[PDB]
Amino acid sequence: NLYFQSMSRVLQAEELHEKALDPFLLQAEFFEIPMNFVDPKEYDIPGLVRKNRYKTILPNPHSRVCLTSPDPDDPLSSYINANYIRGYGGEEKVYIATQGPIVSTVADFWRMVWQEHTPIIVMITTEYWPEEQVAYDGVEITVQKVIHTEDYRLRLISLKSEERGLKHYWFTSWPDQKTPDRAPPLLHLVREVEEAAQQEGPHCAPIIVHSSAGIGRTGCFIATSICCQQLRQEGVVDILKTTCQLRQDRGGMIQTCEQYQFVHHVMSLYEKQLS
């Protein structure tokens, strides 16, 4: 309850299915949740203008990812528009939510990937990866394989500087209409990424998730991911509490009520699948 009082509504299956189909209640509930955006004046850093895609969408200071190499004491060098995000049950640093890299932040993005030992990137739609190979700040980035599926493209990537693997999931099927029939692809991606995460073994490093601003579709993906574990482990989902937790970590996570309803559609579907 750092910036604001968290709210909760624990949904068992019956209520979950009905809740997903009550837009009047969904909007009432959603617009009670503070956005928790940071005042841009909190950052007074020359050159910061080049680092943000949107001037009013900035990382909450307490959870921002600081880039500690090569100049941790320089505000601009240490800056990236990205926040550590708690996962299911409040587990620290399960994800990093960040804006889609822009021309001026591609190298910064890779600095973060290397710093955090990130095993997986989830991209939801600048092409910041090479066609074959490119090097930033001492780390050689090689795309070893491209795997095309119905709804995403998966790149298997080598990072060498010490060699590490990286899985890059590019989800292209973000629906214009957030209707129940559009839920399955997002659910499938969420479950694929869960499996990939588990395959990394103990003490998994943060999973990077991005979209243009890194709040709306990024928030939907992460909320759904968290709630899937909750459903399997507890037999309930608390989308309201999860959304509150996300907002405490990064202002604006889940931007629209249509997105909020979509998360309910996805969870209702998953409950049916599990049942």
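Count residues from 1 along the sequence. The figures that follow rest on heavy atoms only: side chains count, while hydrogens, waters and symmetry mates do not.
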What I'd like to find out is whether the side chain of [X] reaches to under 4.5 Å of the side chain of [Y], using heavy atoms alone.
X      : Y      : answer
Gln199 : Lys167 : yes
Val193 : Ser225 : no
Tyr152 : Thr172 : no
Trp174 : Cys220 : yes
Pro180 : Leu269 : no
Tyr79  : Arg64  : yes
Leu154 : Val146 : no
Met123 : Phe171 : no

Start with the C-alpha distance between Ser212 and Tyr54, add both sets of side-chain angles, then the distance that settles side-chain hydrogen bond (donor to acceptor under 3.5 Å, both in side chains), and finish with yes or no.
CA-CA 9 Å; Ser212 189; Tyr54 307 104; 2.8 Å; yes
Set of ring pair (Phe, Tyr, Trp, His ring centres under 6.0 Å) partners for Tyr260, sequence neighbours left out
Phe30, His264
In one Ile/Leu/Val/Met/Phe/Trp/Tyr side-chain cluster, 4.5 Å: [X], [Y]:
X      : Y      : value
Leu231 : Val10  : no
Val236 : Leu240 : no
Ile33  : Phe31  : yes
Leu25  : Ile239 : no
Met7   : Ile226 : yes

What do the steps show when you test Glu234 against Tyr88 for side-chain contact (heavy atoms from CB on, under 4.5 Å), and what is the final call?
CA-CA 11 Å; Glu234 300 180 35; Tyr88 167 68; 2.5 Å; yes
Output the distance between atom [atom1] ([X]) and atom [atom2] ([Y]), rounded to the nearest 0.5 Å.
X      : Y      : atom1 : atom2 : value
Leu16  : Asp238 : CG    : CG    : 11.0 Å
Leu166 : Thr142 : CG    : OG1   : 11.0 Å
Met267 : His265 : CE    : NE2   : 13.5 Å
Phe24  : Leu26  : CZ    : CG    : 11.5 Å
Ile120 : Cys204 : CD1   : SG    : 5.5 Å
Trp170 : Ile124 : CH2   : CD1   : 13.0 Å

Is there a donor-acceptor pair closer than 3.5 Å between any side-chain N or O of [X] and the backbone N or O of [Y]?
X      : Y      : result
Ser77  : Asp74  : no
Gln133 : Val143 : no
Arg53  : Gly100 : yes
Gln115 : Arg111 : no
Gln261 : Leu21  : no
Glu92  : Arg86  : no
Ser63  : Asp249 : yes
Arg247 : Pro34  : yes
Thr105 : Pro101 : no
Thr118 : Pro206 : yes

Ring-plane angle category for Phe109 and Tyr128, please: parallel below 30°, perpendicular beyond 60°, tilted otherwise.
tilted
Take the angle between the ring planes of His210 and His168 and call it parallel below 30°, perpendicular above 60°, tilted in between.
tilted
Please step through salt bridge (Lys or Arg N to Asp or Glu O under 4.0 Å) for the pair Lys51 and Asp108, ending with a clear verdict.
CA-CA 9 Å; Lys51 301 300 193 179; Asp108 300 337; 2.7 Å; yes
Between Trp129 and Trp110, is the ring centroid distance below 6.0 Å?
no
Tested for side-chain hydrogen bond (donor to acceptor under 3.5 Å, both in side chains) against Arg250, the lone hit among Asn60, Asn81, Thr218 is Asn81
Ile208 and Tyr95: CA distance, side-chain angles, deciding distance, side-chain contact (heavy atoms from CB on, under 4.5 Å) verdict
CA-CA 6 Å; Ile208 291 167; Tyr95 317 86; over 6 Å; no
Which pair of non-hydrogen atoms, one from [X] and one from [Y], has the smallest distance, and what is that distance?
X      : Y      : value
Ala223 : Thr242 : CA-CG2, 3.9 Å
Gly251 : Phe37  : O-CE2, 3.4 Å
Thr126 : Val103 : OG1-N, 3.8 Å
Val190 : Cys228 : CG1-SG, 4.0 Å
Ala82  : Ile96  : CB-CG2, 3.9 Å
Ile57  : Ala213 : CD1-CB, 3.9 Å

Can you confirm if the NZ or CZ of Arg164 lies within 45° of the ring axis of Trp114 and under 6.0 Å from the centre of its six-membered ring?
yes
When you look at CD of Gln27, are more than 12 heavy atoms from neighbouring residues, nucleotides or ligands closer to it than 6.0 Å?
yes
What's the verdict on side-chain contact (heavy atoms from CB on, under 4.5 Å) for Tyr169 and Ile121, showing C-alpha distance, side-chain angles and the deciding distance?
CA-CA 6 Å; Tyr169 290 89; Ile121 297 169; over 6 Å; no
After noting the C-alpha distance and the side-chain angles of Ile85 and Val94, does the key distance pass the side-chain contact (heavy atoms from CB on, under 4.5 Å) rule?
CA-CA 6 Å; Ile85 309 296; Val94 179; over 6 Å; no
Taking NZ, NE, NH1 and NH2 as the nitrogens, is one of them in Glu116 or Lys93 under 4.0 Å from a carboxylate oxygen of the other?
no
Pick out which of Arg9, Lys19, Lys241 makes a salt bridge (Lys or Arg N to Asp or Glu O under 4.0 Å) with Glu29.
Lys19
Could you go through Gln259 and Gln255, starting from their C-alpha distance and side-chain angles, then the distance that decides it, and tell me whether this counts as side-chain hydrogen bond (donor to acceptor under 3.5 Å, both in side chains)?
CA-CA 7 Å; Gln259 283 168 359; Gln255 268 296 101; over 6 Å; no
All pairs passing salt bridge (charged side-chain N to carboxylate O under 4.0 Å, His left out) where residues 193-202 contributes a residue, at least two apart:
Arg191-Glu194, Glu194-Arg232
By side-chain hydrogen bond (donor to acceptor under 3.5 Å, both in side chains) - contacts of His17 (at least two apart)
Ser268, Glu271
